[PDB]
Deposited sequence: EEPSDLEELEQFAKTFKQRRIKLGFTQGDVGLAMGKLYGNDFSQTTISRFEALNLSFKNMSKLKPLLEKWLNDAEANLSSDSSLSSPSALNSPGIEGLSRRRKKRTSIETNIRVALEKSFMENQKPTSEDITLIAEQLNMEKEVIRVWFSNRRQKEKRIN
C-alpha cells in the first residue's frame, strides 16, 4: 500500500483545513485557486466534503494529490417532504437497491415521481459509501 490510508487522509484533511484557515482562505477561495493555479477548479461543496471526509475513500484518494499541490504552494428541482424522507429511509433499510419495478411501486405508493425516487436511492447508496 502506497496511497494514503484512512487515518492518514484524516490527518491530511485536518492539516489542509488548518492551513487554509491560517492563511485566511474560504473553502470557495481554495476551489477557485485550484482552477487558476492548477487547471482544475473545484466547488465550495467539494472542498467542504473533502475537509469533513464526507466522500468515499475512493474519491478522497483522487482529490488528496490535487489538493496537496495547493497546500504546498500556499506555503425543475423538487424538495422532498419530511414524512416521505423517513419512510424512504425505512425502505432503504429493507432494500438498499430496489429494482425499476420495486421503485415504481414505492413512487406511486408515496405519490412521488419515479425519477425522483430512483435518484433518492442512488444518492442514498452514495452517501452510505462515504467515510463520514
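Chain regions without C-alpha coordinates, deposited sequence numbering | No C-alpha for residues 76-103, nothing else.
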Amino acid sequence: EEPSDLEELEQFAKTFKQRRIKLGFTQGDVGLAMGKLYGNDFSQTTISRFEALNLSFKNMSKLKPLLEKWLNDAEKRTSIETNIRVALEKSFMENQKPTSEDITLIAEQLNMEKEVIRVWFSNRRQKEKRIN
From here on, numbers count along this sequence of modelled residues.
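Mean C-alpha B factor from the entry: is it higher for 106-114 or for 16-24?
-> Higher mean C-alpha B-factor: 106-114.
Would 33-41 or 90-98 have the larger average of its C-alpha temperature factors, as given in the entry?
-> It is 90-98.
From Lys58, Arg49, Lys69, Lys76, residue of greatest CA B-factor | Of the options given, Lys76 has the highest CA B-factor in the PDB entry.
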